[PDB]
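Protein chains in written order, with the entry's author numbering: chain c, 14 to 117; chain g, 15 to 117; chain b, 24 to 101; chain f, 24 to 101; chain a, 68 to 133; chain e, 39 to 133; chain h, 35 to 123; chain d, 32 to 123; chain k, 934 to 951.
Every residue, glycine too, gets a C-beta built ideally from N, C-alpha and C.
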DNA sequence: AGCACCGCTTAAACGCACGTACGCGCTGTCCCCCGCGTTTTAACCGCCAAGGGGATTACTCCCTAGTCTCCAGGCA
DNA sequence: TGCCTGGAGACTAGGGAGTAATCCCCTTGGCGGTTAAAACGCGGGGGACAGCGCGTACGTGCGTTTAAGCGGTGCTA
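Okay, here's the thing in structure tokens:
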């Protein structure tokens with residue numbers, strides 16, 4: 014008895030996404046390829062942000078990923094900064110930036 | 015008799031009830047809800063039309079125009095806050111000149 | 024080059040409606056690029072809605088939906 | 024009078040994080056008023072959600088929903 | 068209209084437009100430019116000037132979030 | 039030995055753009071918050087994470103406002119920030 | 035199908051000897067539709083946070099108090115309360 | 032009470048792209064909030080697209096249109112490519 | 934004793950309920 | 001209904017001349033914010049205890065979806 | 001005005017929400033101790049602001065040119 018995530022080749026679940034689509038007042042009917050497509054998109058976005066977070070963790074000589082590493086990983090990429098331009102991350106800080114006229 | 019005659023309103027109640035079940039908001043609309051929402055919409059419509067009628071009488075006219083709607087909305091403290099991100103077509107702007115430009 | 028069809032007195036007239044008394048000589052070339060970027064974004068979203076709706080004409084409700092997507096609600100063309 | 028508890032070194036440290044090198048002597052009374060308008064909007068929305076939920080206790084999800092209503096979208100508290 | 072059709076040829080070849088669909092674009096574009104100049108004039112007055120510079124336009128688009 | 043004015047300021051800019059901790063104390067902010075809240079509903083009770091979220095949002099808002107204040111002060115060809123820069127930033131921002 | 039005749043019925047009660055253009059009628063139609071969508075969407079959001087399956091006059095009132103300003107929301111709540119009181123009595 | 036999460040799935044994604052890297056609970060909560068927010072955005076845009084054309088079923092075409100409107104640049108291209116690759120393998 | 938150009942009003946006709 | 005063509009009119013765009021108000025650079029002054037040292041204060045940690053309300057479960061009433069029939073309100 | 005399509009009037013069943021009980025978790029209040037941080041002067045160098053001089057870029061005005069409107073007709077996606 015294989016699942017639908019093993020049949021689609023994904024790591025995110027399909028039945029949970031299908032349950033959240035059917036129990037969220039979005040439409041009357043839900044197609045059979047929509048949670049597979051949406052789980053593929055969410056898995057791609059998760060891997061895309063975790064690659065940059067792991068690169069920041071390797072750059073700052075650490076093993077674990079912290080919200081400062083997540084803040085650097087989001088704000089150092091332009092497309093993620095455009096997608097998440099109205100998001101505040103707790104315990105993430107800011108970017109180092111000093112204007113060229115304030116320093117001699 | 016209709017429910018708009020029972021409640022004493024002017025906006026309809028059955029059309030609001032139909033748009034509440036039809037537009038996928040909950041597996042259920044309540045009841046007093048279309049009457050309450052029709053009263054709120056009638057009050058807001060009457061306020062907009064009252065200020066538009068005052069702005070239309072202030073310029074010696076008998077027909078409300080989008081410029082009169084623009085002046086009525088932008089010359090009010092709270093309607094400008096409710097409709098701050100709304101662009102009205104053929105409405106124009108408010109006449110104002112900064113005091114550092116006049117001779 | 025139809026970006027030059029947006030002439031200099033049209034931009035000057037928009038600045039006179041905006042309350043500007045005196046205009047320099049590069050505001051026109053800045054305003055053409057700003058208008059080009061804004062129109063490219065709105066036309067991209069409107070053509071996306073049109074291609075989704077399986078039509079070939081671009082209606083006005085697609086433009087209203089794209090302006091609502093940008094966050095600029097327009098009353099009158101509904 | 025607890026808005027005097029937001030002291031001058033705290034506002035100065037927030038301005039040092041903001042990148043400000045030199046600070047005048049009138050910034051503080053403006054910053055306290057801006058902070059006490061932003062609080063008087065977010066706590067108003069949070070107490071409205073709490074007063075709808077038939078609850079004695081203002082939780083954190085009410086605050087997250089009150090910030091989502093204004094376009095802030097805080098992560099880390101559920 | 069020629070500008071809108073030229074920049075719309077880049078997304079889908081052989082399209083077709085209505086008249087209200089271009090009228091709404093013109094209304095939105097004029098309102099956007101009028102609001103941009105209304106903020107840019109405040110920038111130029113804060114800079115203690117009367118003439119309007121492109122650095123004022125760039126400051127307005129930076130502080131607004133564009 | 040004394041530092042020339044600006045060296046300690048840049049040193050504080052560097053260390054507080056490097057650190058990630060909270061800058062406002064917790065008991066004065068909590069006493070401010072509990073006092074503002076009572077003017078909307080009677081008998082308010084608080085969790086810790088609600089105030090912990092309010093403090094994060096408040097400090098993020100203040101840092102994001104001082105950045106545009108610094109931009110206005112640099113545009114005015116100065117270094118010192120002034121309340122008119124805050125008023126210009128909150129006028130252009132849409133508040 | 036629209037709200038045009040109802041806008042005429044509201045307009046003839048607050049200003050008797052006046053008229054209105056079709057463009058202003060379309061702007062009022064868009065305004066009524068926008069406020070309907072805002073209040074219905076916020077009342078749909080409020081019913082999900084409490085895990086309820088409906089929408090009620092309390093839900094509509096909570097969506098009115100969150101959305102409208104201070105002096106406007108009080109009169110809106112008062113008019114809606116009077117209208118829902120006259121419906122059962 | 033038993034509550035839904037995404038922590039084991041984020042851990043399974045993390046142990047493929049970085050075989051030696053940990054993650055803290057605060058970062059896992061930020062990732063859960065990110066997944067929930069992007070889910071709500073795509074589902075709301077798809078439910079808005081389903082009502083304009085007077086349809087009742089949300090399918091992968093509406094999901095693809097909601098992704099294409101919402102993601103900027105080449106990220107939308109790669110998301111459409113990954114989703115089409117995952118839907119193509121499911122039918123076979 | 935003095936009046937404006939009617940063309941101003943002609944560009945935006947009144948809503949017809951029919 | 002949207003696109004393509006055609007003839008006519010005239011109002012708007014373009015180009016050149018010229019003058020003067022303003023943007024920019026320089027200099028002087030004096031106020032005021034910053035680095036530093038000393039003193040006072042309350043924040044933070046640690047521990048303790050009372051009890052109020054979130055949360056869950058069980059029972060029961062009543063409120064709205066569904067169905068059928070009838071008939072008038074509003075849109076061309 | 002035609003009329004027809006959507007709104008009203010009864011009736012019933014089933015599950016959704018309203019009430020009561022009780023657990024126990026978590027919020028509030030209090031007392032002491034340490035010391036880090038806030039408060040208060042103080043001298044001085046740097047920057048904000050005012051005054052002045054100059055050259056040029058942008059304004060107003062006139063004559064010529066050009067293409068935007070304004071109709072009429074036709075074909076077809």
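Opening and closing residue of the alpha helix (DSSP H) in which residue 109(a) lies
Stepping through the fifth chain from its first residue, residue 109(a) is reached at position 42. Counting along the chain, the alpha helix (DSSP H) containing residue 109(a) begins and ends at 87-113.
Is any heavy atom in the ligand NAD found nearer than 7 Å to the beta carbon of residue 88(b)?
For the ligand NAD, the structure offers nothing, since it holds no ligand at all.
Take residue 66(d) and list the residues in its own chain whose beta-carbon comes closer than 8 Å to its own, dropping the five residues that flank it on each side.
Taking the eighth chain and counting its residues from 1, one reaches residue 66(d) at position 35. The residues are 37 and 41.
Short-range partners of chain c found in the region 90-110 of chain e, where Cβ spacing is below 7 Å:
94, 95, 98 and 101
Looking at the secondary structure, which residues open and close the alpha helix (DSSP H) in which residue 45(e) lies?
As a first step, residue 45(e) must be located in the sixth chain, where it is residue number 7. First-last of the alpha helix (DSSP H) with residue 45(e): 45-56.
Counting along the chain, where does the beta strand (DSSP E) carrying residue 102(g) start and finish?
Along the second chain, one-based indexing puts residue 102(g) at 88. Segment 100-102, the beta strand (DSSP E) holding residue 102(g).
Taking 8 Å as the CB-CB cut-off, is residue 76(f) touching chain h?
As a working mapping, residue 76(f) is identified with position 53 in the fourth chain. Taking Cβ atoms only, chain h reaches closer than 8 Å to residue 76(f), which makes this a yes.
What does the Cβ neighbour count give for residue 85(f), buried or exposed, with the cut at 16 atoms within 10 Å?
Translated into positions along the fourth chain, residue 85(f) becomes position 62. Label assigned to residue 85(f): buried.
Delimiting residues of the beta strand (DSSP E) encompassing residue 54(f)
What you label residue 54(f) is simply residue 31 of the fourth chain in a count that begins at 1. Looking at the DSSP string, residue 54(f) is not in any beta strand (DSSP E); the run it does join, the alpha helix (DSSP H), is 50-75.
Coil, strand or helix - residue 46(b) by DSSP:
The residue you call residue 46(b) lines up with position 23 of the third chain. In the structure shown, residue 46(b) sits in a strand (DSSP, three-state: E or B).
Indicate whether residue 39(f) and residue 54(e) have their beta-carbon atoms separated by less than 8 Å.
Mapped onto the fourth chain, residue 39(f) falls at position 16. Mapped onto the sixth chain, residue 54(e) falls at position 16. Cβ atoms of residue 39(f) and residue 54(e): closer than 8 Å.
Would a check of beta-carbon distances place residue 70(d) closer than 8 Å to chain f?
Start at 1 with the first residue of the eighth chain, and residue 70(d) comes out as number 39. No, because no Cβ of chain f sits closer than 8 Å to the Cβ of residue 70(d).
Against chain d, does residue 94(f) count as a neighbour if the rule is that its beta carbon must be under 8 Å from one of theirs?
Counted from its first residue, the fourth chain places residue 94(f) at position 71. No - not a single Cβ of chain d is within 8 Å of the one on residue 94(f).
DSSP on residue 65(h), reduced to helix/strand/coil?
To locate residue 65(h), count along the seventh chain from 1; it is residue 31. Looking at residue 65(h) - three-state DSSP - the assignment turns out to be helix.
Given a cut-off of 8 Å, decide if residue 103(c) and residue 97(f) are closer than it, judged by their beta-carbon atoms.
What you label residue 97(f) is simply residue 74 of the fourth chain in a count that begins at 1. What you label residue 103(c) is simply residue 90 of the first chain in a count that begins at 1. Against a cut-off of 8 Å, the Cβ pair of residue 103(c) and residue 97(f) comes out as a contact.
Start and end residues, beta strand (DSSP E) containing residue 116(c)
Counted from its first residue, the first chain places residue 116(c) at position 103. Here residue 116(c) belongs to no beta strand (DSSP E), and DSSP marks it neither H nor E.
Name the residue from 18(g), 79(g) and 25(g) whose alpha carbon lies nearest to the alpha carbon of residue 944(k).
Residue mapping note: residue 944(k) aligns to position 11 of the ninth chain, counting from 1. Answer by Cα proximity: 79(g).
Which residue comes first and which comes last in the beta strand (DSSP E) that contains residue 37(d)?
Start at 1 with the first residue of the eighth chain, and residue 37(d) comes out as number 6. Element bounds for residue 37(d): n/a, residue is neither H nor E.
Can you find the residues in the same chain that come closer than 6 Å, C-beta to C-beta, to residue 86(g), ignoring five residues on each side of it along the sequence?
As a first step, residue 86(g) is located in the second chain; it is residue number 72 there, counting from the start. The answer, listed in chain order, is 65, 66 and 69.
Quick one: residues in its chain with C-beta nearer than 8 Å to the C-beta of residue 49(g), no 5 flanking neighbours on either side, listed in chain order?
In the second chain, the residue the question calls residue 49(g) occupies position 35. If we look at residue 49(g) and ignore the five residues flanking it on each side, its Cβ neighbours are 17, 21, 23 and 27.
Endpoints, alpha helix (DSSP H) assigned at residue 88(b):
As a working mapping, residue 88(b) is identified with position 65 in the third chain. Taken as a continuous stretch (DSSP letters only), the alpha helix (DSSP H) holding residue 88(b) covers 83-93.
Comparing C-alpha positions only, which one of 25(f), 51(f), 24(f) and 42(f) sits nearest to residue 32(f)?
What you label residue 32(f) is simply residue 9 of the fourth chain in a count that begins at 1. Out of 25(f), 51(f), 24(f) and 42(f), 51(f) has the C-alpha closest to the C-alpha of residue 32(f).
With a floor of 4 residues, list each alpha helix (DSSP H) that falls wholly inside the region 36-110 of chain g, ordered by position along the chain.
46-71, 80-88 and 93-96
Which residues in chain c sit within 9 Å of residue 61(e), going by Cβ to Cβ distance?
Counted from its first residue, the sixth chain places residue 61(e) at position 23. Below the 9 Å Cβ cutoff, chain c contributes no neighbours of residue 61(e), its closest Cβ being approximately 11 Å away.
Is the region 64-71 of chain f touching the region 68-83 of chain e, taking contact as three or more C-beta pairs under 8 Å?
A contact exists between the region 64-71 of chain f and the region 68-83 of chain e.
Relative to the C-alpha of residue 106(a), which candidate in 72(a), 82(a), 129(a) and 81(a) has its C-alpha closest?
Within the fifth chain, residue 106(a) is the residue found at index 39, counting from 1. Distance from the Cα of residue 106(a) is smallest, within the candidate group 72(a), 82(a), 129(a) and 81(a), for 129(a).
Counting beta carbon pairs with one atom in the region 103-115 of chain c and one in the region 74-86 of chain h, are three or more of them shorter than 8 Å?
no
For the beta strand (DSSP E) holding residue 96(b), just list the boundary residues, first then last.
As a working mapping, residue 96(b) is identified with position 73 in the third chain. Start and end: 96-98.
Identify the continuous alpha helix (DSSP H) that holds residue 20(c) and give its terminal residues.
Stepping through the first chain from its first residue, residue 20(c) is reached at position 7. Element bounds for residue 20(c): 17-21.
Chain-ordered chain g contacts of residue 97(b) [CB-CB under 7 Å]:
For the purposes of this step, residue 97(b) is taken as residue 74 along the third chain, with counting starting at 1. Near residue 97(b) (Cβ distances below 7 Å), the residues of chain g are 101 and 103.
Roughly how far, in whole angstroms, is the beta-carbon of residue 87(h) from the beta-carbon of residue 61(g), given that I think they are within contact range, below 8 Å?
On the seventh chain, position 53 is the one that residue 87(h) refers to. On the second chain, position 47 is the one that residue 61(g) refers to. So it is not a contact: roughly 34 Å between Cβ atoms.
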